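In what follows, a single structure is set out as structure tokens and then discussed.
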2 protein chains.
Amino acid sequence: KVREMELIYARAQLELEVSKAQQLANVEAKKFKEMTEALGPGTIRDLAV
Amino acid sequence: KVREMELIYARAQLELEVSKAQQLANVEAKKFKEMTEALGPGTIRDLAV
């Protein structure tokens, strides 16, 4: 019973974990895309040029 | 009961966390875009030139 309850509990906390991590990954990627498009996609290539 | 209440509670605090972080990411990206467009998109390339 304890391994079972701990199993479903950990399953919940873990799916919640990958969920929130996926969310922060989403806002991060979206923010970075909005910034890089705000700056100019070819301008950074000039910066590395 | 305690793992459950802690689970929904942490889920709330975490979704709130990624929410506020997404908000600060939004005001940050918007502010940076407004500044970089205020300055001139090609001017920075000249600065790196």
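The chains in the structure tokens are called A, B, ... from first to last as shown; in each chain the residues are counted from 1, and the ligands are counted from 1 in the order shown.
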
Interface rows for chain A against chain B: nearest pair, Å to one decimal, 9 Å, only C-alpha atoms, as a Markdown table:
```
| residue | atom | partner | partner_atom | distance |
| --- | --- | --- | --- | --- |
| A:9 | CA | B:3 | CA | 7.3 |
| A:12 | CA | B:7 | CA | 7.9 |
| A:13 | CA | B:7 | CA | 6.8 |
| A:16 | CA | B:11 | CA | 7.1 |
| A:17 | CA | B:11 | CA | 8.9 |
| A:20 | CA | B:15 | CA | 6.9 |
| A:21 | CA | B:18 | CA | 8.8 |
| A:23 | CA | B:18 | CA | 6.9 |
| A:24 | CA | B:18 | CA | 5.9 |
| A:27 | CA | B:22 | CA | 5.7 |
| A:28 | CA | B:25 | CA | 7.7 |
| A:31 | CA | B:29 | CA | 6.3 |
| A:32 | CA | B:29 | CA | 8.0 |
| A:34 | CA | B:29 | CA | 6.9 |
| A:35 | CA | B:29 | CA | 5.8 |
| A:37 | CA | B:33 | CA | 9.0 |
| A:38 | CA | B:33 | CA | 5.4 |
| A:39 | CA | B:41 | CA | 6.6 |
| A:40 | CA | B:41 | CA | 7.0 |
| A:43 | CA | B:45 | CA | 6.1 |
| A:44 | CA | B:45 | CA | 8.0 |
| A:46 | CA | B:45 | CA | 6.3 |
| A:47 | CA | B:48 | CA | 5.7 |
| A:48 | CA | B:48 | CA | 8.7 |
| A:49 | CA | B:49 | CA | 8.4 |
```
